[PDB]
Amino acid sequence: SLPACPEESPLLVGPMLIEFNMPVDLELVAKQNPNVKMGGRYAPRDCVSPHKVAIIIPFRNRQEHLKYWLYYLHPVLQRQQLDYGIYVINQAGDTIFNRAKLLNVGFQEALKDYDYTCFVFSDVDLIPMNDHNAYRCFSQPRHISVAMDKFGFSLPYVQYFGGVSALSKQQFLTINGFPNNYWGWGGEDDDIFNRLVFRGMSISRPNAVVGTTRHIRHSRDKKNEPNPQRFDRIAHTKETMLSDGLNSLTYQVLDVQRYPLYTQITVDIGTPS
């Protein structure tokens, strides 16, 4: 009996002040966000959103960044009127980071909770400066973080698909998900771009002003060295995507924590094979 939410949310306020020098307290954030339910889940109570969104954050040893993430995004995601949930996919162990494989785990585990039809993939240190930048899916793959301060407020190159993107369930299935074998920093986002193109898709983007985004300045994490094989790997995506992705994924979930502002899935994703 509830009516559809308006196509564009009327709650948005546009540009926002984003700051990272104060301390953050999640208990207080939870208090400020009383409609967010256990596990970081929220749907509007006045209308039915067509946007059923799981937001998936690749994670390890970035608790501080996450606190800022949750403090900023949660009010924004509720103003966007999304039926959404937050998933921090936390890599067990202390071997080489695998961002793309975590994202695949997130897609697959979130679908177990709820009929999501849209997946936002977001680095933990990226905060949107304009709530008009929609954190939901379009009829093409959607690059969200298009004007990052760290790149001078534009794309570093026109095929850049990193940072924060969104893919419908179908788009993500259509490319066999992300590659599993990009270990250490770099390239997996380019591979994902290649995949979308090889499947007849193109990148949808908001304008540069609306897609203005802040990156929390930070230094190198240990265990995520530039993958020296990345240039070779993005050159062969068309062949490798056929059998590297969802259809070749395994992993072992060690732990599932329902915090008030997010679900954290701690997962053993192994080492390079």
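In case it trips you up, residue 1 is the first one in the sequence shown, and so on. Just so we're on the same page, rigid core means the largest C-alpha set that superposes within 1.5 Å between forms.
Asker: Give, as the answer, the stretch of 36-44 and 232-240 that departs more from the shown form in 6 other deposited structures of this protein; the measure is RMS Cα distance after a core fit.
Answerer: It is 232-240 whose C-alphas lie farther from the shown form in 6 other deposited structures of this protein.
Asker: When the other structures are laid on this one by the rigid core, do the CA atoms of 130-138 or of 184-192 sit farther away in 6 other deposited structures of this protein?
Answerer: Stretch with the larger root mean square C-alpha distance in 6 other deposited structures of this protein: 184-192.
Asker: In a third or more of the other entries compared, is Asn224 missing its coordinates?
Answerer: Other entries vs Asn224: at least a third skip it.
Asker: Select between 213-221 and 241-249 the stretch whose C-alpha atoms have the higher average B-factor in the entry.
Answerer: Looking at the record's C-alpha B-factors, the answer is 213-221.
Asker: Would you tell me which stretch averages the higher CA B-factor in the PDB entry, 41-49 or 24-32?
Answerer: Comparing 41-49 with 24-32, the higher mean C-alpha B-factor belongs to 24-32.
Asker: Specify which of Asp83, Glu188, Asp94, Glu109 carries the largest Cα B factor in the deposited PDB entry.
Answerer: When the deposited C-alpha B-factors of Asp83, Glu188, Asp94, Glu109 are compared, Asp94 is largest.
Asker: Using the temperature factors of the C-alpha atoms in this entry, rank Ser165 within its chain: lowest, middle or highest third.
Answerer: As the PDB entry reports it, the C-alpha B-factor of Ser165 lands in the lowest third of its chain.
Asker: Please place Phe151 in the lowest, middle or highest third of its chain by C-alpha B factor as given in the entry.
Answerer: According to the entry, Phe151 has a C-alpha B-factor in the chain's highest third.
Asker: Ordered by C-alpha B-factor within the chain, which third holds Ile57? Give me lowest, middle or highest, please.
Answerer: Tercile = lowest for this residue's CA B-factor.
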